Amino acid sequence: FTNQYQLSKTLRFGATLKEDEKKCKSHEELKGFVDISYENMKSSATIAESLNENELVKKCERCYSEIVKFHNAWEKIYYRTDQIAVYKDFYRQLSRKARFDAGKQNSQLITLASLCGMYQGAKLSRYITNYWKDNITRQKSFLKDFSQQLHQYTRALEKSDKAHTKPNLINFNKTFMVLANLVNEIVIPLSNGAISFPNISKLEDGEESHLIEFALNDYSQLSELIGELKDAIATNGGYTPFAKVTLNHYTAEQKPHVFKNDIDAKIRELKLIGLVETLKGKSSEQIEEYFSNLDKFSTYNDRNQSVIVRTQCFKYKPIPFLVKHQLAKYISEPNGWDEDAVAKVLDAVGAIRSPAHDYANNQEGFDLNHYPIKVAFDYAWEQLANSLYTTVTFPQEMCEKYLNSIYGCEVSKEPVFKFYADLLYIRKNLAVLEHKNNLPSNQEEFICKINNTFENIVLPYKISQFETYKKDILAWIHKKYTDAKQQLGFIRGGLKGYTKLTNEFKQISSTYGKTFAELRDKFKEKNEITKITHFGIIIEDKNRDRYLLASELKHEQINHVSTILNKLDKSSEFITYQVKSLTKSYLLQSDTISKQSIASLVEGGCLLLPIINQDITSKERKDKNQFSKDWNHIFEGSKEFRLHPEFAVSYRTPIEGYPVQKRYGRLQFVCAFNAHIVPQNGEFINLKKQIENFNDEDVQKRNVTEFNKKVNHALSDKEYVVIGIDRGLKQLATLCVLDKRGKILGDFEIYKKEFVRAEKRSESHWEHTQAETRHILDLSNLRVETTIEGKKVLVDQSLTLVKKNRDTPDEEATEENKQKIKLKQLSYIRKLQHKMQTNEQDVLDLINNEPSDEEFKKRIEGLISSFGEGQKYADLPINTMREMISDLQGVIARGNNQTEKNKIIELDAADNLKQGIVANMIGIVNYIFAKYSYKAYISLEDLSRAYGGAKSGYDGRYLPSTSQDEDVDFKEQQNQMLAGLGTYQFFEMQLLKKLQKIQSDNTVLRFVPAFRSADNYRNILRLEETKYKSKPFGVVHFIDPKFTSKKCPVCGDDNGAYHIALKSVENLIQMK
RNA sequence: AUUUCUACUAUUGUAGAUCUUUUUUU
């Protein structure tokens, strides 16, 4: 089952030596130099923790309010596929982030309504709106979490004695950084103008004023406030990029000044310096007045103008993502201007203004000569078209004068214009009947108006089969309806034929596009040469202590690469490894450098960073992590385990008030080495080939079919077992191993730890003794643990007591394991939710008079049966239960939206136990799989039901916020499990990722076929069921939950594991 | 006590887990 694909890992190592007692001194051969380098790097690591917790809370509260406002506004607009339009560069970014093949788009501004093309059964616009919908749901989750944290934090600051409620500042930092990434992922595209609203000038205030206000917002303040907090967090516990080191000396000697002249040429093609010099120094309002004071037609028809000025005189078109910032820097620095005063000017080109909003705002300062030709033309044309059938607020004289100037004749008196007005009015009336969400009851009035409008249309020119469209539209009031309606739309939109202006904009836009694509390409190739900022080599002293000697790649001066490699000889005590590769193309070359050479290099200004790990630097240096094993296997020199030449070294600053012993009290650098597992046994599937396969659907279908054919042939004839993993009401998960005939197999021996103190304190150890024997594992509290004799055993962590205050060796263990009481409280929460579903009234009655916590517990004991442990109602989570019942109260107040209530009934309370319990479960499943010599099948639930049917919009990649199952009885039985959909889907995906890359002994095995990781659960929906309703995926067998139910095992919730394993046994036998 | 996560012990720590361009049009 050897892996034929190239795999990658990112091995991360520390780089700040922990000078402490109770930590073995390491890297002490060159320790002196290490110290110097550290105090060099602190000189660059800037920090000012001066922001008191009060001011941090002030900034956080303001940011939360702004983010909530923006999020509420955006929640109503992401799905407007008819108004949104993304630029080409951002469209490609979408097609990478969301996963769809971009196709070939003819236009620069790709309106989402024009992405009618299909891709694997869904429109291309549905992929984008689904990606935005998922982003919004995650924003909601993190806003809720961050609001709770901020509330507890400021409550703690209020009552100075109540410091116990201060949230863990680690989680505070991490939650805000995740929330800021989510928010910025949409605020940035709106801020710089990639997500645009091109129909903004035709729109009317009233029913669509919210969209206009959202199109005209200023996201400078919100973005700057998020930036303020991100800096504040990066100054007290936040990771902040330090360098990107390369280990190849041919990637470090490139000159980045090759492209310079070229870029300047393109800049002189845009006459940008003149524009920026003319505009810099003005405020945004002054720039607006300058642009609104230009002569529009004269500048547009003036061919000697820069294409930017002419475009802004025709249309609001922003400068792209990818050039703007680098262009501001590249314009400022040669000329000595302020960088920000130029970025402001480049932000001021393409700022949307709506003529209608301006006119409603003030009726005296209005004038149509302010706006570009297209915007003013659209406003005048559609307002004049609407004025023939409704009374509107704008005075027709200026619009008529504008159109008369454009065409040279009275536009409102042409038959073509009246025909356009009639078609538009018919479209407006048809829109009401085609919005089935809010159907009225006065259909007769609309139909009478529609008939009269069709009757009174006087066709200005001979148009063919128009009456066919008329009769179809009348007949419907269904596919023929849409066809005729769209053909009427084509005829209506073609009535403006003005064609001279658009013909000129053809050439203007072609030049504006070619020049900016040349700039973008030159910048992209320039910023992959200035990305690397150091050249480093790994160094081993005599005790296998590895340091990284990194020298600055000064672009302002000759670099030191030649002075590092002129000290590497063949006879010296320190070994040096440096990588040489080109993309059988890799070499890890070793030389030696003496101590005087390192001394001179470091005094010259280079950096020396220890590479620290718990196993690399322990007193016996036995490797027990996988990262340490891979570290010591990379430097064996082989080619099947490769080191990627460049890696990013970062750092995080200390948190105030933490002890220096803790890793959060120390300025901690981090190296991020990158390793490739590339086979040599034949033609390995290159990563590009993997990507191409992942894009193709049929390649995947053939691949999965052939892989499970390999498995079935290589395993069916041999003696194998079936490992069925199932959820549980009381047990988080449950594992049963059946024989291929169906008999229950396995007698697992569960152990128990105990720390025995030795007379010499340095040799204390945990002594494992057998405590239980079981044949159905309770995967909640187990963990696979290595005895000091070398054996691997399964221990039950709930059987051992822990200590109240840690680091009290003299005291005796009293408390209960924290994960155990977390699962206790999780079962209580599940009980509460199942009680809400059936007795929402008996749940809401719990808070009749704001009961005190003792009274709240007394009332809870009425509804929810106790856990059944030693102590009844021991660790009841009164706080979380109270803030879930109050949330249900708030939902049922504002109406009784069933979906909004299921957002609470199915909250998946196990989401903080996820990362910790799934690791244990993966460890145990790996242990049992490798116990039976990899000749075993895995048998898992198929969560596909929770993603609705084929009709539903959920393709699988994005988790539903609420389960979309059709049954109510089954959806109720799946809402009582400890592991929600998110938790159990996370476990399943982690297990598949684990099976894809099993490392048995210095080798990599594979049992699931080319599972594309970034696509969460489509890989399982897309599979083909056998005729027994089980989806085979390599070793794994995804079994539908509902169709696994039979006579109970002769031999409560372990029979579930037995029944999944038994159904897989039966299906596998019936296969052959 | 940690590259980091989780549960710990006080064992100079332990156990599992860990990545080219292309406008106006529905």
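Where a number appears in this text, it was derived from the coordinates with a stated rule and is not lab data. Backbone-built Cβ (ideal geometry, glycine too); neighbour counts: all protein chains shown.
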Cross-link list A:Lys662/A:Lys820; A:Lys619/A:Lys662; A:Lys18/A:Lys818; A:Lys822/A:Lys914; A:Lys9/A:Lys820; A:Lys317/A:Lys418: which exceed 21 angstrom alpha carbon to alpha carbon? A:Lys662/A:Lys820; A:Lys18/A:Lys818; A:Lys9/A:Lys820; A:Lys317/A:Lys418
Computed over all unlike Cα pairs, the Kirkwood hydrodynamic radius of chain A in Å stands at 34.4
For the range A:416-455, the Debye formula with one identical point scatterer on each Cα and no solvent gives log10 I(q)/I(0) at q = 0.14, 0.29 Å⁻¹ as -0.32, -0.98
How high is the relative contact order of the range A:53-227, in percent, with contacts defined as C-alpha pairs under 8 Å that are six or more residues apart? 28
Evaluate E = 1/(1 + (r/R0)^6) for A:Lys639 and A:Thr2, where r is the Cβ-Cβ distance and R0 equals 22 Å; express this FRET efficiency to the nearest 0.05. 0.85
Taking a threshold of 24 Å on the Cα-Cα distance, which of the pairs A:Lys436/A:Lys471; A:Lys230/A:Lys688; A:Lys280/A:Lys506; A:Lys202/A:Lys401 fall above it? A:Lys230/A:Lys688; A:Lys280/A:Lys506
Dividing the helical contributions, -39500 (n - 2.57) per DSSP H run of n ≥ 4, by the residues of chain A yields a 222 nm value, nearest 500 deg cm²/dmol, of -14500 deg cm²/dmol
Counting only the backbone N, which residues of the range A:13-54 are under 14 Å from the spot 7 Å out from the Cα of A:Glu656 toward its beta-carbon? A:47-54
For chain A, give the magnitude of the charge dipole about the Cα centre (Cβ charges: +1 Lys/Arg, -1 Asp/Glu; no others), in debye to the nearest 20. 3020
Given a Förster distance of 35 angstrom, what is the FRET efficiency for A:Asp717 paired with A:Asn248, based on the Cβ-Cβ distance and rounded to 0.05? 0.10
Pick out, from A:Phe466, A:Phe446, A:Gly493, the residue whose Cα sits farthest towards the positive end of the charge dipole of the range A:419-570, with +1 on the Cβ of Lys and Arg and -1 on the Cβ of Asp and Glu. A:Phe466
Spin-label pair A:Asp739/A:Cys116, simplified geometry with 7 Å Cα→Cβ offset, distance in nm: 6.4
For the range A:895-950 versus the range A:204-267, the gap between their alpha-carbon centres in whole angstrom: 37
Candidates per GluC sites (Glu not before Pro) in the range A:498-532, loop by DSSP, up to 13 other Cβ within 10 Å: A:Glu528
Could you please state, rounded to a whole Å, how far the C-alpha centre of the range A:127-145 is from the C-alpha centre of the range A:830-865? 31
For the range A:492-558 and the range A:579-619, distance of Cα centres in Å: 30
Simple SL model, points at 7 angstrom along Cα→Cβ for A:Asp302 and A:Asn1002; separation in nm is 7.7
Relative contact order (%) - criterion: Cα under 8 Å, at least six apart; region: the range A:1-133: 17
What distance in nm separates the simple spin-label points at A:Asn703 and A:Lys58, each placed 7 Å from Cα in the Cβ direction? 5.5
For the range A:334-423, radius of gyration divided by Kirkwood radius, i.e. Rg to Rh on alpha-carbons: 1.16
First measure r as the distance between the Cβ atoms of A:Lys688 and A:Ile267, then evaluate 1/(1 + (r/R0)^6) with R0 = 35 Å and state the FRET efficiency to the nearest 0.05. 0.50
Among A:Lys123/A:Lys903; A:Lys144/A:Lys174; A:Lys824/A:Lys1042, which pairs are too far apart, with a Cα-Cα distance over 25 Å? A:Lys123/A:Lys903; A:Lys824/A:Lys1042
